[PDB]
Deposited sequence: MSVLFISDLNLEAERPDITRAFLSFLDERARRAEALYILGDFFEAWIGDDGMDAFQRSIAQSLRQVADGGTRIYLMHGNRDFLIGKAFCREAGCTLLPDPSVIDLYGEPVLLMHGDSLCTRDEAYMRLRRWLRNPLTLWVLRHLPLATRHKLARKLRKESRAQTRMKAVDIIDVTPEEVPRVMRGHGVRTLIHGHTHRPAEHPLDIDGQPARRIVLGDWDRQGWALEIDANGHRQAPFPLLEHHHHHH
């Protein structure tokens, strides 16, 4: 089977989420063929050069799972888009771009964090565009850590208040990628939504966020299920 999770927002000051995630690795991800993490894995990320002990402990725990044979894939979210190849090498995972199409039991499946669909938030679309620009990334690379923290603070300054996807964007992007299944996170509204693309049934599955309870979507060749479980 294959596991999909997102929107954990890991941080040292939420040890309930940390304990839930680490046990999830031990009890479920170890036995899975693959684990996909679709963005907002960490609550913040200043860059791989600035990893602290907490963030390195999570790389170590991923790496134990990867060394045991489970393939792990990590995709950026709005909070942790500066995660890099160095972190992924430590963790033994593969960094997937947003968007990515994978083969899932013989079907092409589109994966995204989900914020790029939320196009009604115009201010955020403009900021996201700047943050993802290679030139921005280059300049960020060349800023000292302190100044990057200064910028994070400046930029920093419930689900209902997170803008949800633009409905029409969903079939548009699924059609363009040649898929009938999309899995994403970001909106904190876990669900499965059917839709129709050019007369064929399709589905959009939204992953749950871990602020109150853990979530995982598990898929095998015979079906799938997303359900919550307690953090403690």
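Residues of the deposited sequence lacking C-alpha coordinates, counted from 1, fall in the stretches 1, 159 to 166, 242 to 248.
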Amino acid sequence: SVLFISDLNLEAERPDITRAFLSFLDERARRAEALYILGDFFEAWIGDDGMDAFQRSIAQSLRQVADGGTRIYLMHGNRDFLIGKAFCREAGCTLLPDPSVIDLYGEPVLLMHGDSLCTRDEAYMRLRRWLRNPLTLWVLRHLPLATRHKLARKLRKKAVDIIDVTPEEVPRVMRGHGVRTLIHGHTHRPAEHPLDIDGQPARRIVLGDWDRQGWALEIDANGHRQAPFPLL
From here on, numbers count along this sequence of modelled residues.
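As recorded in the PDB entry, 213 to 221 is the stretch of 5 to 13 and 213 to 221 with the greater mean C-alpha temperature factor. Stretches 25 to 33 and 183 to 191 differ in mean C-alpha B factor, with the higher average recorded for 25 to 33.
For the set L135, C88, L82, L110, the PDB entry assigns the largest Cα B-factor to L135. Highest CA B-factor among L140, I102, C93, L117, as stated in the entry: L140. In the PDB entry, a CA B factor belonging to the middle third of its chain's modelled residues is recorded for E169. Placement of the Cα temperature factor of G199 within the chain: highest third of the modelled residues, per the deposited record.
Split the chain's modelled residues into thirds by C-alpha temperature factor. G178 is in the middle one. Per the deposited record, the Cα B-factor of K154 falls in the highest third when ranked against the other modelled residues of its chain. In this PDB entry, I58 carries a Cα temperature factor that places it within the lowest third of its chain's modelled residues.
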